[PDB]
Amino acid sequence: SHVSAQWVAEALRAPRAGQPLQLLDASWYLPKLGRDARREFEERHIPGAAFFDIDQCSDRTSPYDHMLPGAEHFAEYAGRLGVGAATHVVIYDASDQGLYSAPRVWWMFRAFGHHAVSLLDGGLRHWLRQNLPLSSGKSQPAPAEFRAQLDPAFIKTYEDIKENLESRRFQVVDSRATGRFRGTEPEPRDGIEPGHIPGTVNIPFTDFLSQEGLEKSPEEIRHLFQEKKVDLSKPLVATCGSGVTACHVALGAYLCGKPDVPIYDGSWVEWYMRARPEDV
């Protein structure tokens, strides 16, 4: 479920009984962009939206940022943002690319057992170009009761990726920019070198998106995967810098008929730290 701006605009005008919408802004940026996602939500957001913060809704113990939270934590947090069992969640972000971190939160809702979840195609960027209405300020919806349960099949761990270098049970696509993957541009985290996990295929997340910031068609995405030597009939896992834009690979495959693309949540930052490549 990709929904258009026009879909969301009508959903706002015309709710349907017993099945409320909750818009979430899940904007998140690497530090080097200098953006503050939460302050930007307060400057502007789509009316009714709440801010979903991927760095707060995450594992409380791990030293890695935005690792999947426990189910109880996820349910508490989503509930406090006004998402209940009956809620159709629609997620966007305000990225320059159209959607950047929203797919991650779409993927998290699915992983915790909530399938009534969609993505606003083109995000706030497209919304703004359409001259659609904005609100501002902090936005606190009525608390709701949410039940969550993690399906572990949505996740791959370091060990899984490590053992897969031998067994090759699944294909692995990395959605980072070509420069970071190939090791010719820096990783934007302190201490981490660029490069890639051996045997992975680079499909920058930007390849799934138009010039205008809109998701490509299912057939275009199909051909993208073909041109990259990835076979959608065999198992497929996605990885990136830190488990965020890898969810674009999961989304692209989903829209092609493949809903089972687990994410290496730890991603390059974990791989670099544990595997300690000396390559680059």
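Heads up: residue numbers just count along the shown sequence, starting at 1.
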- request: Averaging only over Cα atoms, indicate whether 237-245 or 214-222 has the higher B-factor in the PDB entry.
  value: 214-222
Selected stretch [higher average CA B-factor]: 126-134 or 88-96: 126-134
query: When the CA B-factors of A250, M67, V230, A49 are compared as recorded in the entry, which is the largest?
result: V230
- line: Of the residues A111, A102, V172, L81, the one whose Cα carries the largest B-factor in the deposited record is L81
Chain thirds of CA B-factor: placement of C256: highest
- prompt: Where does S4 sit by CA temperature factor within its chain: lowest, middle or highest third?
  reply: lowest
query: By its CA B factor, does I161 count among the lowest, middle or highest third of the modelled residues in the chain?
result: middle
Third assignment of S27 from its chain's C-alpha B-factors: lowest
- line: Tertile call for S139 (CA temperature factor, within chain, third-based) is the highest
